[PDB]
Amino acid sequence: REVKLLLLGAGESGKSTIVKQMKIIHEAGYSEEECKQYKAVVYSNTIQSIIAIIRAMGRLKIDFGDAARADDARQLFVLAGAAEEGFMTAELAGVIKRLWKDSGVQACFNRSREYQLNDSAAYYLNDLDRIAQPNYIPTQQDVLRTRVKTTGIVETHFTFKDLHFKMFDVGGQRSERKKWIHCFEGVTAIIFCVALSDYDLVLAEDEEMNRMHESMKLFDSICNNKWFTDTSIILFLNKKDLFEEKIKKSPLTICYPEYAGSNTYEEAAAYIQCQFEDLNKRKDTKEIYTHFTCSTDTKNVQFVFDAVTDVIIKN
């Protein structure tokens, strides 16, 4: 049969990454020609990230560790143009490498909640040696890690357990929220994504607004929307990996001042689950099927999607 899945959630919550996983898990994964297409995206994400860290150092008044980096930073901008076209010269690679290793660069990297930085920055920057290689071809994980804002409506098709899925993805930034209603017809289930690690961040499109509060407002409106009464609500509390590392050092009280639990994964995670599940105004009549995920982890997504499928089949 025909199963219509709609991916919803604020910006950078992991929706497009789940879409990519369906291809890796239910199809062949990305072909060589397809991976080479993402080469420019990986290079562009890497360059953007190091530049965002360097922009930040000036704004925050953080000095380089070794004075010599000033020359590397200057050379960065000179050579950056190539990376956008899909080229990574040894010279530019070396420049980014030394900058990334610098103590002040790292100090600023560790204050990223104070500015805007891609989640994949470290992933690409720590793997710079591999991605800068001659004839580099993006791996499945590199593809999964890429970031490109979704404007418009993306539709994907795949067969799974005898069902023909038609998955829809739309942009979550505020400018894109208006396009959501175009997707509202015949939805079998909604997979609402939430970036767990967004609790200490603020909106790219607004400094005054905490990203998790924004996500709760969206969920509240989607979960309780009459149009969606007979649609299954599946909640993916995503980026559980980043959340696991982040909860150790950044207080959850930044997001929920009344949080009284410890700075540990299990306690904090269940607290957030309840915060969202409690927005359901009809607990007795409507169920929310919550799952903790790491969208970039194929094994995790596979087992979770498999469980999600059976729930769609049964209920």
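For every residue, the number given is its place in the sequence shown, counted from 1.
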When the C-alpha temperature factors are averaged for each of 272-280 and 22-30, which stretch ends up with the higher value in the entry?
22-30
Regarding 33-41 and 254-262, which shows the higher C-alpha temperature factor on average in the entry?
254-262
Can you tell me which of 185, 214, 169, 200 has the maximum CA B-factor listed in the PDB entry?
185
Taking the Cα B-factors listed in the entry, which of 144, 83, 218, 235 comes out highest?
83
Taking the C-alpha B-factors as the PDB entry records them, is residue 285 in the lowest, middle or highest third of its chain?
highest
Per the entry's values, where does residue 68 land by CA temperature factor relative to the rest of its chain, in the lowest, middle or highest third?
highest
Among all modelled residues of this chain, ranked by Cα B factor, put residue 152 in the bottom, middle or top third, i.e. lowest, middle or highest.
highest
Going by the recorded CA B-factors, say which third of the chain residue 160 sits in, lowest, middle or highest.
highest
For residue 60, the third of its chain by CA B-factor is the highest
